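Student: First to last, the protein sequences are chains A, B, C, D, E and F.
When the letters of the first sequence are read in order and numbered with PDB author numbering, they come out as residues 14 to 70, 76 to 415.
Just so we're aligned: 974 in PDB author numbering is position 15 of the second sequence, and the numbers increase by one with no gaps anywhere.
Just so we're aligned: 1005 in PDB author numbering is position 46 of the third sequence, and the numbers increase by one with no gaps anywhere.
When the letters of the fourth sequence are read in order and numbered with PDB author numbering, they come out as residues 812 to 827, 853 to 860.
Just so we're aligned: 601 in PDB author numbering is position 38 of the fifth sequence, and the numbers increase by one with no gaps anywhere.
Just so we're aligned: 542 in PDB author numbering is position 28 of the sixth sequence, and the numbers increase by one with no gaps anywhere.
For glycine and all other residues, C-beta sits at the position ideal for the given N, C-alpha and C.
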Amino acid sequence: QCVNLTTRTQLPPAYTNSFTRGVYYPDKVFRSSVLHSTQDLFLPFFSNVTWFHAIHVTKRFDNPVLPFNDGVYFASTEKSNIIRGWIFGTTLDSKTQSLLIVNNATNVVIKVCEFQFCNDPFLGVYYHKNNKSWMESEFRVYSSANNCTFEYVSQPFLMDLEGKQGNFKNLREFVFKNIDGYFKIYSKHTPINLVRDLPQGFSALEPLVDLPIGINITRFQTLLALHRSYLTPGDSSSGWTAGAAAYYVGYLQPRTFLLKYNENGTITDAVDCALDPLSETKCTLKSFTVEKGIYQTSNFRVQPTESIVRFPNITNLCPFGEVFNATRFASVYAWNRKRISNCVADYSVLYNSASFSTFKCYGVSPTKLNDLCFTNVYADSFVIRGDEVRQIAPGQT
Amino acid sequence: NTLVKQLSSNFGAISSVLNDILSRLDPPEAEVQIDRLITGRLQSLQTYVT
Amino acid sequence: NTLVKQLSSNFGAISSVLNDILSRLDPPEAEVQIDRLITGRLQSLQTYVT
Amino acid sequence: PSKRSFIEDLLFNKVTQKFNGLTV
Amino acid sequence: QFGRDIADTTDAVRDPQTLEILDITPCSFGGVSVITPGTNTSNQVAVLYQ
Amino acid sequence: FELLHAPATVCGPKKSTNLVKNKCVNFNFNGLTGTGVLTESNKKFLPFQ
Ligand SMILES: *[C@@H]1O[C@H](CO)[C@@H](O)[C@H](O)[C@H]1NC(C)=O
Ligand SMILES: *[C@@H]1O[C@H](CO)[C@@H](O)[C@H](O)[C@H]1NC(C)=O
Ligand SMILES: *[C@@H]1O[C@H](CO)[C@@H](O)[C@H](O)[C@H]1NC(C)=O
């Protein structure tokens, strides 16, 4: 099914601080009792992170499509399991293949398909109050897919859609990276009891699964359960209410970290090698403590702010047809010589027209030949047999 | 003075100034040429420290 | 500590360990791999001993 | 102006790259 | 058409449009250092550009 | 293909042996190779390591 949602309320965004969160084991090796560094994409600590929420108070579900940055951090403080999946892709309209993730009472599923997703998709999750049971009653998420190229399924093992609101008591953290045609998922659950904010202290995520996909992803969306009951009169696009759920997303960027492995090989602490001059000094010595003293670090430079180009005011174009498609050639024993001067060249108009069998170059790369400026430019030309073209190379005999 | 003059030595690379090579040649050919200057420059630097 | 950690630098070979060469490459091909590592490792002892 | 002694001030005058990363 | 400094480096250039001689000076470069009271005492630090 | 970065089930026709212990032996596992003594481990791993 598909529809457009109605009766929403929308509000300006909210923001919080990225306390230390975004760390994981970078690969399946094991190390312990050691300090080690890696250069990787990460969430910088104290990053400004956007806060999203949905509350009745109004019906503040607006759940907009968000841009998939080259990496995403996702976490939610959880209650009643309102997150049911995610959507990732570019066009989202079967003009490209796209990735879907779902967790429903039939199956837990990952699929890459020519999905024609809906313009404002959701699960029409509804309550059988007469038997106090919650279920999706409308699959209002995609109408169709023209083909599917990857499909995977897991059981509806614990698809509990019922609960009661309050302070969040759970925390599921996720990181999504697509690189080299592979989606890598890293995850952590943590039990919490916190007043509706990012936690304090530290923990690190583990790799879950690594799935090949050919597609490029530029936009993403969260797949969520709505609520419908006798309290929510309307149609299947107005007869709904907001819950109290919240979630946060942080966008990854290039980083260097130093990582502390305990005797058990768990990342008990980490240091951002770029946050601060003290932090950079810690990274410089490769130690978490530094004694009273003076130290030196990476040099200071000033970036080039503009670019300029100053060629002379040439106007003429060089001879070309009068060389490469001339009427006649010399016998090779008496090879011809020609001058080129006071003119502009272009090889690309040669490559796109002349069916040369060979176009070797030495000491220069031909792709760059348009980028340069030259002196003493001469052409030699002659005719030889097809076998004999072998001889025309430096140090031939 | 000797250490600064050593920048002009080509060590059998195509040119003394890297920007000449790194302009006029594409990566898979530059990366077997610039490789020589680095070895030549390091050894001149190593000698100075000793 | 420094002299040991130099064992893991690749010096431009395809991989850092002889086993990861000799298991992978024929002997005529290997010599322009192995001769890189001998050059790069030997210089580190000569520097340390000095 | 300098507290340097008369013989020292006689003594001094008998005696006599940044773009490349050299510094002092 | 060019000048060169005693460090073998192209210090100055003639503009092809104006034939006006221009002097180059590299982008500002700085030496950086950090001062600390010791980590087991305080974390406020001062930075020095040499 | 990738090479010893992680285990994958595309392995050559050779047959495995028994697992001899406490001897100086040549060993190889899925390509990784070495020589030494192999002993009961006292080190835990996370299940993916
Ligand atoms: C599947 O892919 C092919 C690609 O040519 C396309 O023609 C077709 O419409 C797609 N869907 C169906 C209906 O099989
Ligand atoms: C490491 O594991 C041992 C055994 O479970 C435990 O006693 C110890 O506290 C652990 N250390 C840390 C800091 O994880
Ligand atoms: C000869 O080559 C030049 C340059 O590519 C082209 O402009 C011209 O049309 C060619 N003439 C013939 C006879 O193909």
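Does any heavy atom of ligand 2 sit closer than 7 angstroms to the C-beta of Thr259 (chain A)?
Tutor: Not so, every heavy atom of ligand 2 lies at least 7 angstroms from the Cβ.
Student: So, under 8 angstroms CB-CB, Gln271 (chain A) and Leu54 (chain A) are touching, yes? Tell me the CB distance rounded to an integer number of Å.
Tutor: The pair is a contact, with the Cβ atoms about 7 angstroms apart (cut-off 8 angstroms).
Student: Anyone know if the C-beta pair for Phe342 (chain A) and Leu368 (chain A) falls short of 8 angstroms?
Tutor: Result yes, Cβ atoms of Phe342 (chain A) and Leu368 (chain A) sit closer than 8 angstroms.
Student: Just to check my reading of the structure: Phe541 (chain F) and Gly548 (chain F) have Cβ atoms closer than 8 angstroms, yes? What is that Cβ distance to the nearest angstrom?
Tutor: That pair is a contact at about 6 angstroms.
Student: How big is the Cα-Cα spacing for residue 74 (chain A) and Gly184 (chain A)?
Tutor: Here chain A breaks off after 70 and picks up again at 76, leaving residue 74 (chain A) without coordinates.
Student: In the DSSP assignment, what are the bridge partners of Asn540 (chain F)?
Tutor: According to DSSP, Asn540 (chain F) bridges with F:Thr549.
Student: Does DSSP classify residue 904 (chain B) as helix, strand or coil?
Tutor: Look at the range of chain B in this structure, 960 to 1009, and you will see that residue 904 (chain B) is not part of it.
Student: Between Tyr144 (chain A) and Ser162 (chain A), is the Cβ-Cβ spacing less than 8 angstroms?
Tutor: Contact: no.
Student: Taking the alpha carbon of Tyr313 (chain A) as the point to measure from, which residue in A:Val327, A:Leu296, A:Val62 has its own alpha carbon closest?
Tutor: The residue with the shortest Cα to Cα distance from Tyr313 (chain A) is A:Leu296.
Student: Between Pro589 (chain E) and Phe855 (chain D), is the Cβ-Cβ spacing less than 8 angstroms?
Tutor: Yes, the pair counts as a contact, with Cβ atoms nearer than the cut-off.
Student: Decide if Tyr38 (chain A) is buried, meaning its Cβ has at least 16 other Cβ atoms within 10 Å, or exposed.
Tutor: It counts as buried.
Student: Under the assumption that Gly199 (chain A) contacts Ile231 (chain A) (Cβ atoms under 8 angstroms), give the Cβ distance between them as a whole number of angstroms.
Tutor: Between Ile231 (chain A) and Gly199 (chain A) the Cβ distance is about 6 angstroms, and since that is below 8 angstroms, they are a contact.
Student: Looking at chain C, is there any beta carbon in it that lies within less than 8 angstroms of the beta carbon of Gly548 (chain F)?
Tutor: Judged by the 8 angstroms Cβ criterion, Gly548 (chain F) is in contact with chain C.
Student: If the criterion is Cβ atoms closer than 8 angstroms, does the pair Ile100 (chain A) and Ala243 (chain A) meet it?
Tutor: A contact, by the Cβ cut-off of 8 angstroms.
Student: Can the beta-carbon of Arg190 (chain A) be found closer than 8 angstroms to that of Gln14 (chain A)?
Tutor: Against a cut-off of 8 angstroms, the Cβ pair of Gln14 (chain A) and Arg190 (chain A) comes out as no contact.
Student: Would you mind giving the Cβ-Cβ distance between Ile598 (chain E) and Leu611 (chain E), rounded to the nearest angstrom? I have them listed as a contact below 8 angstroms.
Tutor: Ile598 (chain E) to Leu611 (chain E), Cβ: 7 angstroms. Contact.
Student: Considering only the beta carbon of each residue, do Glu298 (chain A) and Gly601 (chain E) sit closer than 8 angstroms?
Tutor: Contact: no.
Student: Using the Cβ count rule (16 or more neighbours within 10 Å means buried), how would you classify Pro139 (chain A)?
Tutor: Counting Cβ neighbours within 10 Å, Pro139 (chain A) comes out buried, since at least 16 surround it.
Student: Measuring only from the beta carbon, is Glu224 (chain A) closer than 7 angstroms to any heavy atom that is part of ligand 2?
Tutor: No, ligand 2 has no heavy atom inside 7 angstroms of this Cβ.
Student: Looking at the secondary structure, which residues open and close the alpha helix (DSSP H) in which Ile980 (chain C) lies?
Tutor: From DSSP, the alpha helix (DSSP H) with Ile980 (chain C) extends over 977–981.
Student: Residues of the stretch 591–603 of chain E in Cβ contact with chain A at a cutoff of 8 angstroms, in chain order, please.
Tutor: Those residues of the stretch 591–603 of chain E that come within reach of chain A (Cβ to Cβ, closer than 8 angstroms) are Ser591, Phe592, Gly593, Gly594, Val595, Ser596, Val597, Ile598, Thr599, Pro600, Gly601, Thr602, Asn603.
Student: Report whether the distance from the Cβ of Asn343 (chain A) to the nearest heavy atom of ligand 3 is below 7 angstroms.
Tutor: For ligand 3, at least one heavy atom lies less than 7 angstroms from the Cβ of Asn343 (chain A).
Student: Excluding the 5 residues flanking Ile358 (chain A) on each side, which residues of the same chain have their C-beta closer than 8 angstroms to its C-beta?
Tutor: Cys336, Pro337, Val395, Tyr396, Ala397, listed in sequence order.
Student: Assuming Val42 (chain A) contacts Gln563 (chain F) under a Cβ cut-off of 8 angstroms, what Cβ separation, rounded to an integer in Å, is found between them?
Tutor: Contact holds; Cβ gap of about 7 angstroms.
Student: Can you give me, in chain order, the residues of the stretch 968–987 of chain B that have a beta carbon less than 8 angstroms from any beta carbon in chain A?
Tutor: Listed in sequence order: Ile973, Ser982, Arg983, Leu984, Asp985.
Student: Leaving out five residues on either side along the sequence, give the residues of the same chain with a beta carbon under 7 angstroms from the beta carbon of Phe59 (chain A).
Tutor: Cβ neighbours of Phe59 (chain A) beyond the five flanking positions: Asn30, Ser31.
Student: Are the C-beta of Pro225 (chain A) and some C-beta of chain F separated by less than 8 angstroms?
Tutor: Taking Cβ atoms only, chain F reaches closer than 8 angstroms to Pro225 (chain A), which makes this a yes.
Student: Please name the residue in A:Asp178, A:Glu132, A:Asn196 whose C-alpha comes closest to that of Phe168 (chain A).
Tutor: When only C-alpha atoms are compared, the closest one is A:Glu132.
Student: Within the present structure, is the beta-carbon of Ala372 (chain A) separated from the nearest heavy atom of ligand 5 by less than 7 angstroms?
Tutor: Among the ligands in the structure shown, ligand 5 does not appear; only ligand 1, ligand 2 and ligand 3 can be found there.
Student: For the stretch 150–235 of chain A, which segments carrying the alpha helix (DSSP H) assignment without a break, of at least 4 residues, lie completely within its bounds, in sequence order?
Tutor: The stretch 150–235 of chain A contains no whole alpha helix (DSSP H) run of 4 or more residues.
Student: For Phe515 (chain F) and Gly971 (chain C), what's the separation of their Cα atoms in angstroms?
Tutor: If I take the Cα positions, the gap works out to 21 angstroms.
Student: Please indicate yes or no: does the CB of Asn87 (chain A) lie closer than 7 angstroms to some heavy atom of ligand 1?
Tutor: Not under cutoff, so the answer is no.
Student: Along the chain, where does the beta strand (DSSP E) containing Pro272 (chain A) start, and where does it finish?
Tutor: 271–279 is the extent of the beta strand (DSSP E) around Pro272 (chain A).
Student: Please report the distance separating the alpha-carbon of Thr76 (chain A) from that of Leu249 (chain A).
Tutor: The alpha-carbon atoms of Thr76 (chain A) and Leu249 (chain A) are separated by roughly 14 angstroms.
Student: Determine whether the Cβ of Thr827 (chain D) lies closer than 8 angstroms to any Cβ atom of chain E.
Tutor: By this cut-off, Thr827 (chain D) is not an interface position.
Student: Buried or exposed: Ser813 (chain D), going by 16 or more other Cβ atoms within 10 Å of its Cβ?
Tutor: Classification of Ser813 (chain D): exposed, given that the 10 Å Cβ count is below 16.
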